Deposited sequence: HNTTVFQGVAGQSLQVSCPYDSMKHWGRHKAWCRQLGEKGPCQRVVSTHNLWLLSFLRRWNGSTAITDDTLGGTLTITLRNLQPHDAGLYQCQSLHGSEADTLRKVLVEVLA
């Protein structure tokens, strides 16, 4: 997979897009996670679980028919900068859809 850079500004929002194969990943929840070192774990930030309930009650929206996962980081902080993955989850595994480098300007 590739890595694309999304450049944001401290205290503002930042939209990240991760297109994917809508047939290969049909029925799978997605995750946005922070990569810890290049070979360490990817630490969860948000996932698509319970999005329906959370309607009533970082934002994440998944267009499963079109194959696009959108993550919106809000009130960007310098510590939000760094490398992340968009992931597709199945069983105990996670397929990496994309790597994303978040840059935060201040």
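Which segments of the deposited sequence lack C-alpha coordinates in the modelled structure, numbering from residue 1?
No C-alpha coordinates exist for 58 to 63, and that is the only such stretch.
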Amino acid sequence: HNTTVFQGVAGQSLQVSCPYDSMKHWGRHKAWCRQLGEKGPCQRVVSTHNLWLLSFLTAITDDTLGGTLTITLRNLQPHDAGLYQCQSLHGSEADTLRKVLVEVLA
From here on, numbers count along this sequence of modelled residues.
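Of the two stretches 25 to 33 and 38 to 46, which shows the higher Cα B-factor on average in the entry?
The stretch with the larger average C-alpha B-factor is 38 to 46.
Whose CA atom has the top B-factor in the entry, of 81, 71, 65, 54?
Within the set 81, 71, 65, 54, 54 shows the top C-alpha B-factor.
Among the modelled residues of this chain, does the Cα B factor of residue 100 put it in the lowest, middle or highest third?
It falls in the bottom third of the chain.
Split into thirds by Cα B-factor across the chain's modelled residues, where does residue 9 land: lowest, middle or highest?
For residue 9, whose C-alpha B-factor we compare with every modelled residue in the chain, the answer is the middle third.
Please place residue 87 in the lowest, middle or highest third of its chain according to the CA B-factor in the PDB entry.
It belongs to the lowest third of the chain when residues are ordered by C-alpha B-factor.
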